[PDB]
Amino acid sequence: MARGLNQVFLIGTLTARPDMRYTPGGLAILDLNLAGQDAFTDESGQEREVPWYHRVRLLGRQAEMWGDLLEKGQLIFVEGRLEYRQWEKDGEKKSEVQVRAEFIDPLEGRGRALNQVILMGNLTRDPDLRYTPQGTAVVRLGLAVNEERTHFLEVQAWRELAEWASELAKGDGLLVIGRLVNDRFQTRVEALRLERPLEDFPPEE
C-alpha cells in the first residue's frame, strides 16, 4: 500500500456451523471454516482442481450480527487480511497465520469459489531456490508486511517466477499477487504474479 499491503478475498462454502465465542470484556469471536478449490492445467495439459480449507475469524459487531444465522453449506464472500501470531508453548505451535475477516457477506448459494491475496512487503531473508526431479524451479521466501506490528508471511512461486525471484535479496521490496494455500500446519501464499516496487527519492542533498 504505502509500502506494506495485506489483503485477502475469498468466496467459499462453510464446512461447519459457525462457533460463536465471547471474551470477558465482551468481544464476540466467530470462527468460520471455509472450503473451495482452485484450478490449473499441468505440464501434461491436464486441468486439475486443488482444494483449499481456510479458517476465517470475524470479530465483534459483525460477528454478533452473523452469529447463529450461518449454517453449514452456506456460500460466503470474505474480505480481510492475513494475521501472523507468535507465542511460547500451548496452542500447539509457536507461530500461526490466519485470515482475519474485516467483513463477510453470505451469498445466495444459487437456485464460484474465489481465492486471491495481495501482499507487499520486504524480504526477511534471501530467497530459497530449489528444483524438482522433473527439473521445475520453485522458490520459498519470507515476507515482512507492516501497513501495530509486522506480519511475517511465507510465499512460494514456480517456474519462471521462481527463477526471477531467486535474484532477490533480504531487504528487497516485493509485491505479491496469488492464492492462499495450506500445508504441523502452515498457511502460505502461492504466487501468481511477482513485481518489484521501485525505490528511492528524492535525495535533494
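One rule holds for the numbers: they count along the sequence shown, beginning at 1.
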message: Regarding 186 to 194 and 18 to 26, which shows the higher C-alpha temperature factor on average in the entry?
response: 18 to 26
message: Mean Cα B factor from the PDB record: higher for 74 to 82, or higher for 127 to 135?
response: 127 to 135
- prompt: Between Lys170, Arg57, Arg179, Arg149, where does the Cα B-factor run highest in the record?
  reply: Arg149
- prompt: So among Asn33, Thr41, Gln156, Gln37, who wins on Cα B-factor in the entry?
  reply: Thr41
field: Within-chain third of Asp105 by Cα B-factor, per the entry
entry: lowest
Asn115 CA temperature factor, ranked by third within the chain: lowest
field: Chain thirds of CA B-factor: placement of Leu141
entry: middle
- prompt: Sorting the chain's CA B-factors, does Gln98 end up in the lowest, middle or highest third?
  reply: middle
- request: For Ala165, return the chain-relative third of its C-alpha B-factor as stated in the PDB record: lowest, middle or highest.
  value: middle
